[PDB]
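Input: a single structure, listed below in structure tokens.
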Number of protein chains: 4
Amino acid sequence: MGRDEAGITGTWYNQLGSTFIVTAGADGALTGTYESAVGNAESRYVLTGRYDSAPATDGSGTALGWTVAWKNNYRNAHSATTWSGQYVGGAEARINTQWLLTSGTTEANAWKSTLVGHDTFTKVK
Amino acid sequence: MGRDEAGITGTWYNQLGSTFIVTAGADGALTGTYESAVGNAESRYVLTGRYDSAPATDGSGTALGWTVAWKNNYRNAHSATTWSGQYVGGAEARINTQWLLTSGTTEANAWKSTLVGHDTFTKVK
Amino acid sequence: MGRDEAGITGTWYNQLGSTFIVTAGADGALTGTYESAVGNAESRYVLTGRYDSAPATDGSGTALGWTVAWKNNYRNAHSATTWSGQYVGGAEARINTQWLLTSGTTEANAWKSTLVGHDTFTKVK
Amino acid sequence: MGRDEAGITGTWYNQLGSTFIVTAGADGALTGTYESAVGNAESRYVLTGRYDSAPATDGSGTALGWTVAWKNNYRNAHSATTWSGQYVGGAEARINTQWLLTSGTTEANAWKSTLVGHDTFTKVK
Ligand SMILES: [Cu+2]
Ligand SMILES: [Cu+2]
Ligand SMILES: [Cu+2]
Ligand SMILES: [Cu+2]
């Protein structure tokens, strides 16, 4: 029922070699797993997020976001990343994101708690 | 079972007058609703996210994040915000965040798609 | 000649206890020194930046930004911070900023090169 | 005298078609002009910034940053962008950046004052 439900659902890969597996729900839900090719991470982590299930029909992308807390049965990196971005459909479909990775810190170290970057996800590679 | 499950669960208010209502699950899940006092928003929006359910015990905060897609039964702002931050417990408990708000745009306008800011949430006011 | 040339010029202090000393030029130039209370820093560092020397007169703030490269005669932290923000005049004058702190890294570590945060500067404390 | 003084100095182009012309000083100064291919901008704007004039020699990039206030003789967009990033030398030399673009706003609208993005600059195209 969601406009890009079919387009978003599936496996995505970013420029670092990380793998994102997501199911988009009719209502706007995103659920899946994330596996990072870098950092203090191993195997799959739970992700959850939201997307605009009724986007503009004027060539605009579809806004979405999701979160991974970097705790699973193997490791705990005491941190969470949120990706905020848009899905762009078509022959070379893309999810273009910026992200914020916050670590748990003392109050004294909170100024250096948050990394920022950008990931581009594609259906191939 | 989550260390700050009790501490995170409940109603939070930020510096803009927005209201965040969240339930923290034992496993790391965050579920709830968000009501923004500003922007192209009215009433409650679904949120989902994740938190570190077993944080460090050295005075460090608890990493977490969540997403709101700004579509509900009243409005659709074709955008999504992700908050990335940490929960700090105690007498004046806080969730200190930075956020990324991405709008759906054409490819030509993608350079101006994403706002960034910071929200501090407290249990009062 | 710049509208907030007088208002911006002088000594500013942020929430971390850092000290910013700046001279605003008529043309839009910012020149001065920065001393950080935190991180891999000691004593004063050169800063340079720019501000809007003819801002809107509708209660709006004055856009500005500046850069510090964290090399001086004492230390080199192989990094640079840029602050982007606005000056708000009046009895409790403020410079409200967000910043990006990029470290020199290998290409493999570039994903974790950039910290993000927010500093508020006041004329007192 | 600066390690990458020669490498940084010159004309750079980003993915939007914008042109950055910079001179790197021996001491760490960056001076030049910026011409944006997008947004509320026309012709050249003054930029100033800083770079690490003695970077690490372990394959690491060179940290740098600069600011443009979007006022010149043609237009005033009541805003300033800061780019924070690193210069990576070699056959395909790059300046990889993230940026913050703050507009002058009322206090009520300050939450939506700041855009964030990322630009990659190359010596060709
Ligand atoms: Cu619409
Ligand atoms: Cu631990
Ligand atoms: Cu004007
Ligand atoms: Cu060194």
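Chain lettering (A, B, ...) mirrors the order of the structure tokens, residue numbering begins at 1 for each chain separately, and ligand numbering begins at 1 in order of display.
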
Please produce chain B as an mmCIF file with C-alpha atoms, in the first residue's frame once it has been superposed on chain A, the fit using all Cα atoms paired in sequence order.
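Here's the written file part.cif:
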data_model
loop_
_atom_site.group_PDB
_atom_site.id
_atom_site.type_symbol
_atom_site.label_atom_id
_atom_site.label_comp_id
_atom_site.auth_asym_id
_atom_site.auth_seq_id
_atom_site.Cartn_x
_atom_site.Cartn_y
_atom_site.Cartn_z
ATOM 1 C CA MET B 1 0.000 0.000 0.000
ATOM 2 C CA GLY B 2 2.960 2.351 0.658
ATOM 3 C CA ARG B 3 4.119 4.013 -2.592
ATOM 4 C CA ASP B 4 7.764 2.876 -2.361
ATOM 5 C CA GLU B 5 7.101 -0.120 -0.121
ATOM 6 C CA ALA B 6 8.251 -2.466 -2.909
ATOM 7 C CA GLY B 7 11.141 -0.206 -3.940
ATOM 8 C CA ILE B 8 12.609 0.155 -0.436
ATOM 9 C CA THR B 9 12.129 -3.445 0.720
ATOM 10 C CA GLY B 10 15.203 -5.615 0.202
ATOM 11 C CA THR B 11 18.967 -5.621 0.486
ATOM 12 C CA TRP B 12 21.087 -2.495 0.153
ATOM 13 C CA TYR B 13 24.855 -1.941 0.140
ATOM 14 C CA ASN B 14 26.823 1.218 0.934
ATOM 15 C CA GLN B 15 30.203 2.615 -0.120
ATOM 16 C CA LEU B 16 31.918 1.008 2.908
ATOM 17 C CA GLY B 17 30.643 -2.480 2.013
ATOM 18 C CA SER B 18 27.998 -2.520 4.760
ATOM 19 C CA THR B 19 24.738 -4.415 4.197
ATOM 20 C CA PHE B 20 21.255 -3.117 5.107
ATOM 21 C CA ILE B 21 18.292 -5.553 4.856
ATOM 22 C CA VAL B 22 14.949 -3.835 5.323
ATOM 23 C CA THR B 23 11.234 -4.492 5.076
ATOM 24 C CA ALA B 24 9.019 -1.471 4.469
ATOM 25 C CA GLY B 25 5.487 -1.751 5.903
ATOM 26 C CA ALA B 26 2.344 -0.286 4.305
ATOM 27 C CA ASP B 27 1.973 2.137 7.231
ATOM 28 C CA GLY B 28 5.500 3.631 7.147
ATOM 29 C CA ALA B 29 7.433 1.103 9.271
ATOM 30 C CA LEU B 30 11.009 0.028 8.516
ATOM 31 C CA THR B 31 12.329 -3.144 10.151
ATOM 32 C CA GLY B 32 15.427 -5.172 9.435
ATOM 33 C CA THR B 33 19.085 -5.783 10.115
ATOM 34 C CA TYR B 34 22.313 -3.883 9.534
ATOM 35 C CA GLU B 35 25.798 -5.304 9.164
ATOM 36 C CA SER B 36 28.653 -2.798 9.224
ATOM 37 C CA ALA B 37 31.857 -3.463 7.296
ATOM 38 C CA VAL B 38 33.684 -1.041 9.647
ATOM 39 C CA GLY B 39 33.983 -0.053 13.290
ATOM 40 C CA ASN B 40 33.272 -1.890 16.516
ATOM 41 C CA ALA B 41 30.714 -4.204 14.992
ATOM 42 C CA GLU B 42 30.263 -7.822 14.010
ATOM 43 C CA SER B 43 27.382 -9.665 12.370
ATOM 44 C CA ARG B 44 23.829 -8.300 12.245
ATOM 45 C CA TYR B 45 22.179 -5.632 14.382
ATOM 46 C CA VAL B 46 18.491 -4.840 14.700
ATOM 47 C CA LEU B 47 17.266 -1.720 12.969
ATOM 48 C CA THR B 48 13.980 0.083 13.031
ATOM 49 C CA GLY B 49 12.808 3.231 11.334
ATOM 50 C CA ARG B 50 10.151 5.087 9.399
ATOM 51 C CA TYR B 51 9.519 6.269 5.855
ATOM 52 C CA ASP B 52 7.006 8.506 4.109
ATOM 53 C CA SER B 53 4.475 5.991 2.724
ATOM 54 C CA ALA B 54 2.751 8.636 0.539
ATOM 55 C CA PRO B 55 5.523 10.824 -0.965
ATOM 56 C CA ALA B 56 5.220 13.694 -3.435
ATOM 57 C CA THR B 57 4.727 12.685 -7.091
ATOM 58 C CA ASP B 58 6.786 15.523 -8.642
ATOM 59 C CA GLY B 59 10.104 13.653 -9.113
ATOM 60 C CA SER B 60 10.900 14.050 -5.399
ATOM 61 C CA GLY B 61 12.586 11.389 -3.291
ATOM 62 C CA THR B 62 10.988 9.599 -0.359
ATOM 63 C CA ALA B 63 12.090 10.690 3.116
ATOM 64 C CA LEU B 64 13.111 7.991 5.572
ATOM 65 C CA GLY B 65 15.274 7.254 8.566
ATOM 66 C CA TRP B 66 16.386 4.428 10.781
ATOM 67 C CA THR B 67 18.368 3.595 13.895
ATOM 68 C CA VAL B 68 20.832 0.889 14.891
ATOM 69 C CA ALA B 69 21.978 0.524 18.496
ATOM 70 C CA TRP B 70 25.339 -1.253 18.290
ATOM 71 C CA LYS B 71 24.533 -4.041 20.764
ATOM 72 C CA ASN B 72 23.927 -7.615 19.662
ATOM 73 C CA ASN B 73 24.845 -11.069 21.049
ATOM 74 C CA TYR B 74 28.502 -10.616 19.984
ATOM 75 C CA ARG B 75 29.447 -7.034 20.883
ATOM 76 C CA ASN B 76 28.327 -3.823 22.503
ATOM 77 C CA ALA B 77 29.885 -0.619 21.176
ATOM 78 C CA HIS B 78 27.745 1.583 23.503
ATOM 79 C CA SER B 79 26.609 3.679 20.606
ATOM 80 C CA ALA B 80 23.792 4.244 18.174
ATOM 81 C CA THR B 81 23.684 5.472 14.590
ATOM 82 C CA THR B 82 20.740 7.181 12.963
ATOM 83 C CA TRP B 83 20.552 7.557 9.196
ATOM 84 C CA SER B 84 18.327 10.288 7.775
ATOM 85 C CA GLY B 85 17.844 10.470 4.033
ATOM 86 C CA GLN B 86 15.772 9.849 0.981
ATOM 87 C CA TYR B 87 15.056 6.965 -1.324
ATOM 88 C CA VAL B 88 15.333 7.765 -5.038
ATOM 89 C CA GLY B 89 13.749 5.140 -7.325
ATOM 90 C CA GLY B 90 14.531 4.035 -10.886
ATOM 91 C CA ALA B 91 17.099 2.000 -12.830
ATOM 92 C CA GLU B 92 19.887 3.067 -10.464
ATOM 93 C CA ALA B 93 17.846 3.266 -7.246
ATOM 94 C CA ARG B 94 19.624 4.926 -4.316
ATOM 95 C CA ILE B 95 19.138 5.686 -0.645
ATOM 96 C CA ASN B 96 21.158 8.846 0.041
ATOM 97 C CA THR B 97 21.762 9.476 3.728
ATOM 98 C CA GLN B 98 23.540 11.480 6.340
ATOM 99 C CA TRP B 99 24.093 9.890 9.728
ATOM 100 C CA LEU B 100 24.815 10.683 13.361
ATOM 101 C CA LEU B 101 26.673 8.145 15.498
ATOM 102 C CA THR B 102 26.445 8.940 19.209
ATOM 103 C CA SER B 103 28.484 7.076 21.816
ATOM 104 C CA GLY B 104 27.653 6.864 25.505
ATOM 105 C CA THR B 105 30.088 9.187 27.312
ATOM 106 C CA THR B 106 30.639 10.911 30.614
ATOM 107 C CA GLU B 107 29.286 14.468 30.795
ATOM 108 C CA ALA B 108 32.896 15.759 30.574
ATOM 109 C CA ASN B 109 33.372 13.924 27.233
ATOM 110 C CA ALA B 110 29.928 14.634 25.717
ATOM 111 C CA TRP B 111 31.419 17.273 23.390
ATOM 112 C CA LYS B 112 33.198 14.428 21.516
ATOM 113 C CA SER B 113 30.271 11.959 21.640
ATOM 114 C CA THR B 114 28.887 12.294 18.109
ATOM 115 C CA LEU B 115 30.327 11.417 14.702
ATOM 116 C CA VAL B 116 28.673 12.619 11.480
ATOM 117 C CA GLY B 117 28.953 11.206 7.984
ATOM 118 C CA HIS B 118 27.137 10.236 4.822
ATOM 119 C CA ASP B 119 26.323 6.864 3.262
ATOM 120 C CA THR B 120 24.931 6.125 -0.174
ATOM 121 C CA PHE B 121 23.131 2.795 -0.544
ATOM 122 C CA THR B 122 22.580 0.943 -3.816
ATOM 123 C CA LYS B 123 20.936 -2.337 -4.780
ATOM 124 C CA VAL B 124 24.191 -3.717 -6.292
ATOM 125 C CA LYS B 125 27.808 -4.084 -5.083
#

Check your understanding: Running DSSP on the backbone, which parts of chain B land in helix (DSSP H, G or I), as a PyMOL selection string?
Key -> chain B and resi 5-8+110-112

Exercise for review: Taking the chain letters and numbering used in this document, name the residues of chain B that DSSP puts in strand (DSSP E or B), as a count of residues only.
Suggested key: 67
